[PDB]
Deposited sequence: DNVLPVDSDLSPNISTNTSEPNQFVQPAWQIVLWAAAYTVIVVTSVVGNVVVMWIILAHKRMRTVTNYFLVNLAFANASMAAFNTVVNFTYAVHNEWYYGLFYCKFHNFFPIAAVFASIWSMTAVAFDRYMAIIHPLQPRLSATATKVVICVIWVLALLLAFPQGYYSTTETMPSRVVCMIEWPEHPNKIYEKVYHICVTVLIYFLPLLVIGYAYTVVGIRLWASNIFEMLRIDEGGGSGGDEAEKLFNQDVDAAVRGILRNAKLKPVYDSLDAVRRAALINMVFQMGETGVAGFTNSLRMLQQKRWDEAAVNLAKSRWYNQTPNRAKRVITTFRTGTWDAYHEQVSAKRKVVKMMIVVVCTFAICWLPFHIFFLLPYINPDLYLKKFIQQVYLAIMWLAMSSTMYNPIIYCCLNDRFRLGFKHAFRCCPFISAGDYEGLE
């Protein structure tokens, strides 16, 4: 019942913001990658496909979806009725599976470096396939879309053939929802956790192999022997118990080098770590004879005590971590934007009367705004979290 003019203009402005920032932003992103030829990096080829799918959905559907929702009248005829119901499914499938292709490409480059799967022709055939499967999946929704002509208006409504309980319509809707939301997010979710652990995490075995032809060193049995010994030692047990897993590895690393007795000698530094005075302990340990004899190892161990991270046992400058952080954000943005949408359309099966009663028009206009805003965020994310992308946007200015 809430229908004031003060609100409609305020919403129309909120919706145009989407159409402009999505077209402007994604046309520039497509330009940055395609024109440079140095930028054509397989991951960026899928980002072009994602930028096209985004920009297309904003241009074709935003005006048409907003006007129908505001006036409850279909102005654009039977063809555009079929088209506005077909295109969003195809464009969302293409977007989320281009994101999955990027995730699979990173997973392959990071976890399986010896088996290459990146090829310019293959990337083109993947993008080609993604779109074929997207248009096929969207087809039944477009096929059953039609107009109904009435005395005061025209109505665009989707009508499936009459069946005892309309199973095919409900099965189709669930299948689309799984293919464009739940399933690819599970695949991307899997890929970036494994990749995330590889790029950011580490362990004592990884550590000891770096700090310590010839026979292979057996750390497995000695690490457990080193833990059993520290917990038997009165001078080392309170410190060790107080420490997080990362710092515990730094303390064990020291025991592997000097032994239980030699480590127990650093009484002051061990009390600093126990008191959680990291920088103080780091400063005192760099003054030791141990640091003098082996500065490179000691600097790595000290950094582990100072930061409480695996930073010393990973590369300093990595273009790999920059992309993975950027793409994790993009996917999390997608998952957020589409969740209320899918719940809104999933609910007519659980509680059919719950929607129609209240002022769901202001609810739907908020929910549809969120869903459609997923189309404009990606260029913004690229400028904030990537150097070469933000410099590319600056170059497109007169």
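S.K.: Give me the ranges of the deposited sequence that have no CA atoms here, in sequence order.
M.R.: Model skips 1-23, 236-241, 428-441 of the deposited chain.
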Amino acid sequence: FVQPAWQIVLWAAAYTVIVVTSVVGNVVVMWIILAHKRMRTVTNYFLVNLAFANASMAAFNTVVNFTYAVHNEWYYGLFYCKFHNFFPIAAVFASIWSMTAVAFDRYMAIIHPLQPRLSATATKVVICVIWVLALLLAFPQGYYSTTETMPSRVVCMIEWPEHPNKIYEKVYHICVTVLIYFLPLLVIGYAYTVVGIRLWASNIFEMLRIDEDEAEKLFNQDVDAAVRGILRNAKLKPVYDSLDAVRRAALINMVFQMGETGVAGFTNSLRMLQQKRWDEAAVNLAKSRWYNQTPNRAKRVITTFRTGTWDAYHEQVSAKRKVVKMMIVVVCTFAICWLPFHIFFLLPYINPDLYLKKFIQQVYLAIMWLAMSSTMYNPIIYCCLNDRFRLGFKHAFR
From here on, numbers count along this sequence of modelled residues.
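S.K.: May I ask you to compare 119-127 and 201-209 by their mean CA B factor in the entry and name the higher one?
M.R.: According to the PDB entry, the answer is 119-127.
S.K.: Pick between 299-307 and 158-166: the one whose mean CA B-factor in the entry is higher.
M.R.: Taking the mean C-alpha B-factor of 299-307 and of 158-166, the larger value falls to 158-166.
S.K.: So if I compare the CA B-factors in the entry for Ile343, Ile33, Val330, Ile336, which one is the largest?
M.R.: Answer, based on the entry's C-alpha B-factors: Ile33.
S.K.: Could you say whether, by C-alpha temperature factor, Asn233 belongs to the lowest, middle or highest third of its chain?
M.R.: Answer is highest: the recorded C-alpha B-factor places it there.
S.K.: Split the chain's modelled residues into thirds by Cα B-factor; is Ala264 in the lowest, middle or highest one?
M.R.: Answer is middle: the recorded C-alpha B-factor places it there.
S.K.: Within this chain's modelled residues, let me know which third the CA B factor of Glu280 belongs to: lowest, middle or highest.
M.R.: It belongs to the middle third of the chain when residues are ordered by C-alpha B-factor.
S.K.: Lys217: which third of its chain by C-alpha temperature factor?
M.R.: Highest third of the chain for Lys217's C-alpha B-factor.
S.K.: Sorting the chain's CA B-factors, does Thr147 end up in the lowest, middle or highest third?
M.R.: Within its chain, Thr147 is a middle-third residue by C-alpha B-factor, going by the deposited values.
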